[PDB]
Amino acid sequence: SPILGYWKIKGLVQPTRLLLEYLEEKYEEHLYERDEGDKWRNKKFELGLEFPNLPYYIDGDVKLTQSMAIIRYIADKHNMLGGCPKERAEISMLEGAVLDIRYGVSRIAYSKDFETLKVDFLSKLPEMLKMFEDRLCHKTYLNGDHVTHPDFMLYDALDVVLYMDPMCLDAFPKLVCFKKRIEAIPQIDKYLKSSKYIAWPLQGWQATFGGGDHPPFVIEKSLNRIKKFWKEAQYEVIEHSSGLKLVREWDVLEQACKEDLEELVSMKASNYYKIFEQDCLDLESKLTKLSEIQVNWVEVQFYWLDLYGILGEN
Amino acid sequence: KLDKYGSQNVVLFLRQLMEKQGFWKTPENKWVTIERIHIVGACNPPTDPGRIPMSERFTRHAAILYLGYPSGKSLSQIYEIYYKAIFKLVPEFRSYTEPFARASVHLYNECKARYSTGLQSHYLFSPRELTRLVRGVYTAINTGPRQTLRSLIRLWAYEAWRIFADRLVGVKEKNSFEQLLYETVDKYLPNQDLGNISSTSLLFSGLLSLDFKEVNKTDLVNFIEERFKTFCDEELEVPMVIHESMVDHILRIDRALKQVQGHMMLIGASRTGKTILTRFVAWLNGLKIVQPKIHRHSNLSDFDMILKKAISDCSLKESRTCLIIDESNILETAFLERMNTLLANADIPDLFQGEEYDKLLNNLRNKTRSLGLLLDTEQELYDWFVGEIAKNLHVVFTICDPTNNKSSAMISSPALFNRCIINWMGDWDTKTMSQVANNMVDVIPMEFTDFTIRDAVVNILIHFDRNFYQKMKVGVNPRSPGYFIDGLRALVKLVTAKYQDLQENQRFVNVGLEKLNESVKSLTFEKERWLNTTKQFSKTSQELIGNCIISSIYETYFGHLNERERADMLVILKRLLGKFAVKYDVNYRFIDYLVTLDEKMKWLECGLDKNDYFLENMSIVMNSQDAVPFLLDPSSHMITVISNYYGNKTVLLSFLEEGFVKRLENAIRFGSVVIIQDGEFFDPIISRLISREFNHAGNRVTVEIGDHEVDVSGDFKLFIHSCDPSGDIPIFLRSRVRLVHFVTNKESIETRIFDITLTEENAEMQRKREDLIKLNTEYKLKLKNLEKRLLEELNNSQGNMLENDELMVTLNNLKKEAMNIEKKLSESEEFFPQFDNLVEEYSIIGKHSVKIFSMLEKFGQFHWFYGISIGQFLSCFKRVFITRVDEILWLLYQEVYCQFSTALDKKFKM
């Protein structure tokens, strides 16, 4: 039974863990928990790895560090790297694009500007997912009829990006499939449901993205769509026979404001809004002031226009 | 149809064309004279149902030819030539074409005769069926393994079953066909190589092999089992038990969904799973499942959109869709009209007309060429479009009560009835009930008994459900098993909740046994002698299985029943519990058993009425919420009760308000407890929120509402409230809803007169009745309260002095308390049978008083001023006090005549 040292998290070991479970091979772990940063420093230098790091793997005099060197090994030990230049390069391109997602996570996970850095990540993400949707036209998995180890890499990534976006797949149904397909593979499915599976976090506990014990919420995602809507607000404006310009089609904005105001008051029922709540109270004071002036302005607009018929002309 | 005056313009339009020869242009306003166009029409006898009488002013221009059925001897001759053609595939049985053709006609002749429109409307047979059977036979041959004569006859038998008997309701007729099929093979194809010809035993499928072959019962069930988990995982998450009926039904829909034009209408009662099997078989055939997203505020335009897309996708995208239309979806008459045009013709003309016709016509040419064929004319292209729909669109109808006048119109509609395969799932059979029950009680809390134990419990519940519908419901078997499934789910949730609490209190007396033995002194050896309680536990555990039976039944079946209707079902349940070797508590009370004294205080604090009926009701609402509760009360005093319970979190809505559609999406997102004020009116969209359906996500739990997928909190609660019992809620809701009646009935008078009578008849025992059940629960709660006080100080003072002694003089006071219970239990077995002796005299008083109230209630119906409340009758019956039973009775009749004669006029006095 081969021996793997890493964090007690998905981290840099997840794909490998899956591959192992794919070949039904049993193994043993040196797991550094969230608050066992010592146990690691205790073994950090005294293990005889050629590049001491995490994770570090050791079996038949194969001393490895580097998630890549490790995964490739297991892959090669099963003749899975490719049968010619073309198929070999194809498998490496999969490797690359999967890492461009797993690593892409960690680069904007340390940022203090996370809830707004993900915005630049998720804008790029589409272009990446799309390519896979196409590749999966007339194919079951990228690179053929059989899912391979890079599919266990993308699965770790997927598992993590779903937390960042719940709607990451809605734009790529061919992947939402590929995902259920993976979960279906007998060995994998049996594993996920097994007791030895330690499910979370995604990154080192310290990371902003995918850190800590578990996901809590909607409050951010909704308030983003509220603020977005109010920074595009437009009134049909129409100047009449004389000077002044009139505001046509009141109701739409008039309606939206009352609704969006009611949304924020239903946010007070929620458990999780208390700190995030203060910002919403500022958006509440902004719109309650907008309805204050909305009520009076339609009155003026109407009463002026009526009286203009009466005195403005004759 | 015809104007409410009664004039059909469509027919007059043709008449215009026949007589005039041109017509007046409806929008553009001129005469256009039609050249060289002929009018030919077909129609049924107008004595037939559905049929409208035509104007002699139109038929006066027509030659009428009555064409009837042919011979029964020409039919035999005609289908021989049909069999001739299909037996070019199995030439070794070329001599078998004539007896097959003679049999098919005989089976037809008999089905037409035995199952007529006298038994059921849809019992309508014709040579169409013969030709349907003939083709049905070929398709099985053309795609089956080389056929033995034993194969061919069974092949013919299977198609015979699917064509003539799938439509049959009930079992008397269905058995009749089994024997008819046996009677016909015996007369035309005499073999002892036949087997069991019933549909359960001959299962034909192309799911297992490449060739359509009869398959093995065990081979099929296992094939479904591997595919259902897959379909469960891949599609919407709902787990189910695959049973003997379901396999037979899955094959039915399979052949339907395979044929070029595939239309099956499924008649499944409710909760049968008609809709779920359809979703499945559609997915096995690889058909896109389209399900019209309608609601109270859906226009025809919405349904038009939904249809148009699915049609455009079927030809111009080659989608291969399955359209599931439920009876709920057809909102207006036109909706159904749209559905007709989709089946009798294979296009909806109105959707694509004028410029939208030119856009379609253009797009059509693009895809046709792409595929590699050019079509020259306008007619050539449309015929491809339509022919593509005819093979890619599959409409399955799911109607629950064909008794309903809206669902009647589906079956009635000729277009639908002719181009659909009618299939019947109207009831759950006793074997399929037992099969489902078994798998639900597969979990084993239970322990060996007298007599099997799990086999006994299931047999009770089947005998209860069969007695529930037999006694309570009226109207003939349109509705079937629902409560049964929820009844089983309640029992499983209740036994696990009870056995975890029994073994918890048994662990509390085992930990007290270790603590008293450690100490040993004068009084403590009486405490050790508490094997009475330890001995008692085994008898308490024996009865918890049967006690949970009654409790689950109360939560499921009783919610909407009368004071007397509850008690009476309980009798039938208890005597069923009496025959079966299940042990129940003879002195049992639903309130005390499932309500806690802390909750019982909480409810009344809000302002719930003291009534036993209203306690049981409130209990049913709260205690179980694996499903949404439907509350009915005229005076919305209940809507305030729930408001005081959930406080700030209480957000009230009504199906009728504008903001309802959105305000619910806000209620669901942030855990708001919601009550819906007008239950009678109910849009389709909440529907996924009523059935417990969800899509699980990374952290989030999403529910689809009409369009947008919204997040569920889980601290979110849902209640639906109605005010009038006259108001009928859709069959969908009523089945997935826990119906509870907070109603102040005439039955409530019978219950409440006895309480007032006994206070003035035997004041000593009605006074001791309240404290009997009070001090029963109070002292037992004080027994559990003082056990906790004793253990807290025994662990604190063990190294300290004998402080425990200062609680042991309070435990010396407990020697009155522990034995006070024993004092009261002894006098209870003396009090209860005396209480029940006194119920019968008052019942004789009680029976009279409802019939009197009914009469005074009926005056308020005739006239507005002639009102009477139940309180007015109670106040009057109190006045009766301030052969004894005989004189009190005559005191009632006197006092009622004395007080209520005042508020009526001279005619109504008399």
# chains A, B, ... in the order shown; residues from 1 in each chain; ligands from 1
>>> interface_residues(of="chain B", to="chain A", cutoff="8 Å", atoms="only C-alpha atoms", output="PyMOL selection string")
chain B and resi 230+233-234+648-649+663+666-667+669-672+697-700+711
>>> select_by_dssp(residues="range 150-281 of chain A", states="strand (DSSP E or B)", output="number ranges by chain")
A: 236-239, 245-248
>>> write_last_selection(atoms="N, CA and C atoms", output="PDB file, in the first residue's frame")
ATOM      1  N   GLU A 236     -38.174  56.589 -20.646  1.00  0.00           N
ATOM      2  CA  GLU A 236     -38.610  57.194 -21.895  1.00  0.00           C
ATOM      3  C   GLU A 236     -38.884  58.684 -21.634  1.00  0.00           C
ATOM      4  N   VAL A 237     -38.184  59.558 -22.349  1.00  0.00           N
ATOM      5  CA  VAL A 237     -38.397  61.002 -22.205  1.00  0.00           C
ATOM      6  C   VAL A 237     -38.974  61.544 -23.513  1.00  0.00           C
ATOM      7  N   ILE A 238     -40.024  62.353 -23.401  1.00  0.00           N
ATOM      8  CA  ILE A 238     -40.732  62.874 -24.573  1.00  0.00           C
ATOM      9  C   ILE A 238     -41.113  64.346 -24.353  1.00  0.00           C
ATOM     10  N   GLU A 239     -40.502  65.250 -25.120  1.00  0.00           N
ATOM     11  CA  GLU A 239     -40.854  66.674 -25.047  1.00  0.00           C
ATOM     12  C   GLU A 239     -42.131  66.963 -25.842  1.00  0.00           C
ATOM     13  N   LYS A 245     -39.895  68.644 -21.152  1.00  0.00           N
ATOM     14  CA  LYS A 245     -39.819  67.225 -21.504  1.00  0.00           C
ATOM     15  C   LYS A 245     -40.485  66.330 -20.449  1.00  0.00           C
ATOM     16  N   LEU A 246     -41.340  65.419 -20.920  1.00  0.00           N
ATOM     17  CA  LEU A 246     -42.201  64.575 -20.080  1.00  0.00           C
ATOM     18  C   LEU A 246     -41.670  63.140 -19.964  1.00  0.00           C
ATOM     19  N   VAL A 247     -41.934  62.485 -18.831  1.00  0.00           N
ATOM     20  CA  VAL A 247     -41.433  61.111 -18.608  1.00  0.00           C
ATOM     21  C   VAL A 247     -42.484  60.040 -18.856  1.00  0.00           C
ATOM     22  N   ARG A 248     -42.347  59.338 -19.985  1.00  0.00           N
ATOM     23  CA  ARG A 248     -43.320  58.340 -20.381  1.00  0.00           C
ATOM     24  C   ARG A 248     -42.989  56.980 -19.814  1.00  0.00           C
TER      25      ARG A 248
END
>>> select_by_dssp(residues="range 4-162 of chain A", states="alpha helix (DSSP H)", output="PyMOL selection string")
chain A and resi 14-22+37-43+67-76+85-107+118-135+150-162
>>> atom_distance(atom1="CA of residue 398 in chain B", atom2="CA of residue 274 in chain B")
6.7 Å
>>> residues_around(residues="residue 316 in chain B", least_positions_apart="2", cutoff="10 Å", atoms="only C-alpha atoms", output="VMD selection string")
chain B and resid 311 to 314 318 to 319 360 363 to 368 385 388 to 389
>>> write_last_selection(atoms="C-alpha atoms", output="compact mmCIF listing (two decimals), in the first residue's frame")
# COMPACT_ATOMS: atom_id res chain seq x y z
CA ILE B 311 -42.98 21.49 -33.28
CA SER B 312 -40.16 23.62 -34.78
CA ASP B 313 -37.62 21.62 -32.85
CA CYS B 314 -39.08 18.35 -34.12
CA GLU B 318 -34.81 16.98 -35.43
CA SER B 319 -35.36 16.88 -31.64
CA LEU B 360 -41.21 28.63 -41.62
CA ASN B 363 -36.28 27.69 -42.79
CA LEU B 364 -37.76 24.44 -44.12
CA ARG B 365 -35.86 24.73 -47.40
CA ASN B 366 -32.56 25.28 -45.53
CA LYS B 367 -32.71 22.05 -43.50
CA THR B 368 -34.15 19.98 -46.35
CA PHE B 385 -42.43 19.20 -42.21
CA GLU B 388 -41.29 14.80 -39.60
CA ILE B 389 -43.56 15.88 -36.72
>>> closest_residue(among="B:664, B:811, B:281, B:168", to="residue 267 in chain B", atoms="only C-alpha atoms")
B:168
>>> residues_around(residues="residue 460 in chain B", least_positions_apart="6", cutoff="12 Å", atoms="only C-alpha atoms", output="PyMOL selection string")
chain B and resi 430+433-434+437+453-454+466-468+484+487-488+546+549-550+553+572-582
